[PDB]
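*Asks:* Data: work.cif, mmCIF, C-alpha atoms and all ligand atoms.
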data_data
loop_
_atom_site.label_atom_id
_atom_site.label_comp_id
_atom_site.auth_asym_id
_atom_site.auth_seq_id
_atom_site.Cartn_x
_atom_site.Cartn_y
_atom_site.Cartn_z
CA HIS A 8 0.00 0.00 0.00
CA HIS A 9 0.95 3.75 -0.18
CA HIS A 10 -0.79 4.91 3.12
CA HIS A 11 2.48 5.37 5.17
CA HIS A 12 2.51 9.24 4.65
CA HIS A 13 -0.79 9.47 6.72
CA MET A 14 1.15 8.09 9.75
CA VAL A 15 -0.14 9.44 13.13
CA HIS A 16 1.55 9.14 16.58
CA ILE A 17 -0.88 7.14 18.77
CA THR A 18 -0.63 7.04 22.59
CA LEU A 19 -2.74 4.94 24.98
CA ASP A 20 -5.29 6.50 27.39
CA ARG A 21 -4.64 5.00 30.94
CA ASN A 22 -8.10 6.16 32.11
CA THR A 23 -9.88 3.82 29.61
CA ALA A 24 -7.74 0.77 30.46
CA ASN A 25 -9.05 -2.36 32.13
CA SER A 26 -7.63 -2.38 35.68
CA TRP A 27 -5.37 -5.46 34.93
CA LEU A 28 -3.44 -3.59 32.15
CA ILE A 29 0.08 -2.16 32.46
CA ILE A 30 0.75 0.76 30.07
CA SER A 31 4.39 1.79 29.60
CA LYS A 32 5.66 5.25 30.72
CA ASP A 33 5.80 6.40 27.02
CA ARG A 34 2.10 5.28 26.61
CA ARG A 35 3.15 3.24 23.51
CA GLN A 36 2.98 -0.37 24.95
CA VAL A 37 0.37 -2.31 26.91
CA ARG A 38 0.38 -5.80 28.45
CA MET A 39 -1.71 -7.99 30.78
CA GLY A 40 -0.64 -7.87 34.41
CA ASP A 41 -0.95 -10.94 36.70
CA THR A 42 -3.21 -8.96 39.14
CA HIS A 43 -5.25 -5.69 39.61
CA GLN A 44 -2.84 -2.75 38.94
CA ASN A 45 -3.98 -0.65 42.00
CA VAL A 46 -5.99 2.05 40.11
CA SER A 47 -9.44 3.46 41.06
CA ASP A 48 -12.54 2.42 39.03
CA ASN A 49 -14.24 4.93 36.71
CA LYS A 50 -17.06 4.87 34.11
CA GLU A 51 -14.54 4.88 31.16
CA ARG A 52 -12.67 1.63 32.05
CA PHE A 53 -13.46 -1.53 30.07
CA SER A 54 -14.59 -3.93 32.88
CA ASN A 55 -15.01 -7.40 31.25
CA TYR A 56 -12.05 -7.58 28.80
CA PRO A 57 -8.38 -6.40 28.77
CA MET A 58 -9.16 -3.44 26.43
CA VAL A 59 -7.84 0.15 26.19
CA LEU A 60 -8.37 3.12 23.80
CA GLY A 61 -5.93 5.46 22.17
CA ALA A 62 -6.08 9.09 23.41
CA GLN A 63 -6.44 10.52 19.88
CA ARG A 64 -9.97 11.22 18.51
CA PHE A 65 -10.53 11.33 14.71
CA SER A 66 -13.56 13.03 13.02
CA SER A 67 -12.01 13.72 9.53
CA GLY A 68 -9.07 12.85 7.25
CA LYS A 69 -6.88 9.85 6.57
CA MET A 70 -4.96 8.19 9.46
CA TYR A 71 -2.45 5.28 9.51
CA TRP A 72 -0.66 3.51 12.38
CA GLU A 73 1.14 0.15 13.04
CA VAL A 74 0.91 -2.29 15.97
CA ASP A 75 3.41 -5.08 16.90
CA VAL A 76 1.68 -8.38 17.85
CA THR A 77 4.84 -10.60 17.99
CA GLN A 78 4.31 -13.99 19.78
CA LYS A 79 0.75 -13.23 20.93
CA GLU A 80 -1.91 -16.00 20.77
CA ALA A 81 -4.96 -13.67 21.02
CA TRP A 82 -5.73 -9.94 20.46
CA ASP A 83 -8.29 -7.56 18.88
CA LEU A 84 -7.21 -4.35 16.93
CA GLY A 85 -8.92 -1.57 15.06
CA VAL A 86 -11.03 1.55 15.79
CA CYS A 87 -14.25 2.24 17.63
CA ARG A 88 -16.73 5.02 18.34
CA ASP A 89 -15.77 7.23 21.31
CA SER A 90 -19.17 6.25 22.87
CA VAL A 91 -18.87 2.43 22.79
CA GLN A 92 -20.20 0.56 25.87
CA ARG A 93 -17.46 0.03 28.52
CA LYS A 94 -19.24 -2.20 31.12
CA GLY A 95 -20.55 -5.76 30.83
CA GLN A 96 -20.59 -8.23 27.92
CA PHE A 97 -20.73 -7.15 24.24
CA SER A 98 -19.63 -8.35 20.76
CA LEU A 99 -17.19 -6.46 18.54
CA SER A 100 -19.39 -5.46 15.52
CA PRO A 101 -20.08 -2.32 13.51
CA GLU A 102 -23.63 -2.34 15.03
CA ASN A 103 -21.94 -1.84 18.48
CA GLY A 104 -19.46 0.81 17.14
CA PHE A 105 -16.33 -1.36 16.45
CA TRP A 106 -14.29 -1.93 13.22
CA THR A 107 -11.80 -4.64 14.24
CA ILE A 108 -9.95 -7.85 13.32
CA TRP A 109 -8.64 -10.46 15.73
CA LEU A 110 -6.53 -13.54 16.34
CA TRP A 111 -8.10 -16.39 18.37
CA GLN A 112 -7.22 -20.12 18.51
CA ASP A 113 -4.85 -20.01 15.51
CA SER A 114 -7.40 -18.30 13.16
CA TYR A 115 -7.81 -14.65 12.09
CA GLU A 116 -11.32 -13.12 11.67
CA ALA A 117 -12.88 -9.73 10.89
CA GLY A 118 -15.36 -8.38 13.50
CA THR A 119 -18.43 -8.38 11.26
CA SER A 120 -21.77 -9.86 12.54
CA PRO A 121 -21.39 -12.68 12.09
CA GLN A 122 -17.55 -12.75 11.95
CA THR A 123 -15.70 -13.23 8.62
CA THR A 124 -12.81 -15.68 8.05
CA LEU A 125 -9.51 -14.00 7.02
CA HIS A 126 -7.01 -15.72 4.65
CA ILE A 127 -3.48 -15.13 6.01
CA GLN A 128 -0.57 -17.28 4.66
CA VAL A 129 2.16 -15.35 6.61
CA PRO A 130 1.22 -14.86 10.33
CA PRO A 131 1.72 -11.10 10.92
CA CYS A 132 4.19 -9.76 13.54
CA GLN A 133 2.98 -6.15 12.77
CA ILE A 134 -0.47 -4.91 11.54
CA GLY A 135 -1.05 -1.60 9.72
CA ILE A 136 -4.42 0.15 10.26
CA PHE A 137 -5.72 2.74 7.76
CA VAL A 138 -8.84 4.88 8.36
CA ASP A 139 -10.43 7.20 5.73
CA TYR A 140 -13.13 9.04 7.69
CA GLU A 141 -14.83 10.73 4.72
CA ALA A 142 -14.83 7.58 2.55
CA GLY A 143 -16.11 5.34 5.40
CA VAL A 144 -13.14 2.87 5.12
CA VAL A 145 -11.11 0.89 7.67
CA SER A 146 -8.35 -1.31 6.16
CA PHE A 147 -5.83 -3.73 7.74
CA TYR A 148 -2.42 -4.62 6.26
CA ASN A 149 0.10 -7.44 6.95
CA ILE A 150 3.42 -5.55 7.44
CA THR A 151 5.35 -8.91 7.73
CA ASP A 152 4.07 -9.88 4.19
CA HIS A 153 5.18 -6.65 2.38
CA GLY A 154 1.98 -4.77 3.32
CA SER A 155 -0.53 -7.25 1.79
CA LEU A 156 -4.23 -6.48 2.40
CA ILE A 157 -5.90 -8.41 5.21
CA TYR A 158 -9.41 -6.86 5.25
CA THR A 159 -11.37 -3.72 4.20
CA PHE A 160 -14.53 -2.54 5.99
CA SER A 161 -16.29 -0.26 3.46
CA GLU A 162 -19.57 1.70 3.66
CA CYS A 163 -18.74 2.27 7.36
CA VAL A 164 -21.27 4.35 9.33
CA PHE A 165 -18.93 5.75 12.06
CA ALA A 166 -21.67 7.98 13.54
CA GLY A 167 -19.20 9.78 15.87
CA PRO A 168 -15.54 10.49 16.62
CA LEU A 169 -13.25 7.44 16.30
CA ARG A 170 -10.59 6.19 18.73
CA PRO A 171 -7.84 3.59 18.20
CA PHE A 172 -8.96 0.32 19.89
CA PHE A 173 -6.81 -2.45 21.52
CA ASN A 174 -7.43 -5.78 23.28
CA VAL A 175 -4.28 -7.58 24.58
CA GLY A 176 -6.42 -10.72 25.19
CA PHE A 177 -6.68 -13.10 28.16
CA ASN A 178 -3.61 -15.10 29.30
CA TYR A 179 -5.25 -18.33 30.65
CA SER A 180 -2.68 -20.38 28.60
CA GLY A 181 0.48 -18.67 29.88
CA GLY A 182 1.39 -18.16 26.17
CA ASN A 183 -0.21 -14.70 25.62
CA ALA A 184 1.72 -12.39 28.05
CA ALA A 185 3.50 -10.45 25.27
CA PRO A 186 2.56 -6.76 24.83
CA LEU A 187 0.86 -4.82 22.02
CA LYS A 188 3.36 -2.08 20.95
CA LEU A 189 2.75 1.00 18.81
CA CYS A 190 5.61 0.87 16.24
CA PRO A 191 7.72 3.94 15.46
CA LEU A 192 7.08 6.06 12.31
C1 LIG B 1 -5.11 -15.07 33.18
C2 LIG B 1 -6.20 -14.13 32.77
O1 LIG B 1 -6.34 -13.76 31.60
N1 LIG B 1 -7.00 -13.70 33.75
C3 LIG B 1 -8.19 -12.90 33.53
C4 LIG B 1 -9.15 -12.95 34.73
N2 LIG B 1 -10.30 -12.08 34.52
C5 LIG B 1 -10.20 -10.89 33.84
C6 LIG B 1 -11.33 -10.05 33.75
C7 LIG B 1 -11.23 -8.86 33.06
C8 LIG B 1 -10.06 -8.49 32.44
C9 LIG B 1 -8.96 -9.34 32.50
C10 LIG B 1 -9.02 -10.55 33.19
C11 LIG B 1 -7.83 -11.46 33.26
#
Would it be possible to restate this file's structure as structure tokens?
Ligand SMILES: CC(=O)N[C@H]1CNc2ccccc2C1
*Replies:*
Amino acid sequence: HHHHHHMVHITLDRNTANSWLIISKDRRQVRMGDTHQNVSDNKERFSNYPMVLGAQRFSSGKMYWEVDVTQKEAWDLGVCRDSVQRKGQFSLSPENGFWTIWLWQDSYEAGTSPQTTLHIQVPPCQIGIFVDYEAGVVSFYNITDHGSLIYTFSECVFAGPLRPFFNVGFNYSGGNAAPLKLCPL
């Protein structure tokens, strides 16, 4: 792809994080802790899942960023509405304000309702995310496989400001402790 020139510097918003998450001092990395991280509860924190939002809000333009997923077994990535539900159980779908892909149990799927199978020959170590607000497009790229397209959500109805969206996943296996990292420009 040729989206690299729309690169934006994303930082994570501590106040939105599930209380188990550890965000690095530079606000560029997040991982699962082995316990509650000794923060107060608030209405913004994701309660049920190890999720966090980026601080940046997008309402126009073209935006691109990259995330490192090396050696993780499970994760969700993409964008969401600023007003997505934070508490209780919910599915990742455009109807609920999320435009995401994920890895789970050795298969990759797009967060449509119902979910769509992805066809990935080279397991990605880094994912590129491209948003065109005006066009209503969210696209995902395999940086490990020379930038090959993973999935395009088109005809998106954002219906609000967008935030970068992250889920580090559960670590019940002991094989998913690795962080999500925002990669340098
Ligand atoms: C080993 C592991 O993944 N433990 C879960 C427990 N439960 C839980 C609930 C919300 C957010 C994160 C978590 C972590």
*Asks:* Any residue with an atom at most 6 Å from ligand LIG 1 (chain B) counts, using only C-alpha atoms and all ligand atoms. Which are they? Put them as an MDAnalysis selection string.
*Replies:* chainID A and resid 27 54:57 177:179
*Asks:* Go through A:15, A:129, A:192, A:144 one by one, measure the shortest atom-to-atom distance of each to residue A:106 using all atoms listed in the file, and give the residue with the smallest value.
*Replies:*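 Result for the nearest residue to residue A:106: A:144.
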*Asks:* By how many Å are atom CA of residue A:84 and atom CA of residue A:45 apart?
*Replies:*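 Answer for the atom CA of residue A:84 to atom CA of residue A:45 separation: 25.5 Å.
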*Asks:* Got a sec: who's within 12 Å of stretch 18-23 of chain A, counting only C-alpha atoms, leaving out chain neighbours fewer than 6 positions off, as a ChimeraX atom specification?
*Replies:* /A:29-38,44,46-54,56-64,72-74,89-94,170-174,187-191
*Asks:* What is the distance, in Å and to one decimal place, between atom CA of residue A:87 and atom CA of residue A:104?
*Replies:*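 Interatomic distance, atom CA of residue A:87 to atom CA of residue A:104: 5.4 Å.
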*Asks:* Go through A:102, A:80, A:113, A:75 one by one, measure the shortest atom-to-atom distance of each to residue A:163 using only C-alpha atoms, and give the residue with the smallest value.
*Replies:*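 Selected residue with least distance to residue A:163: A:102.
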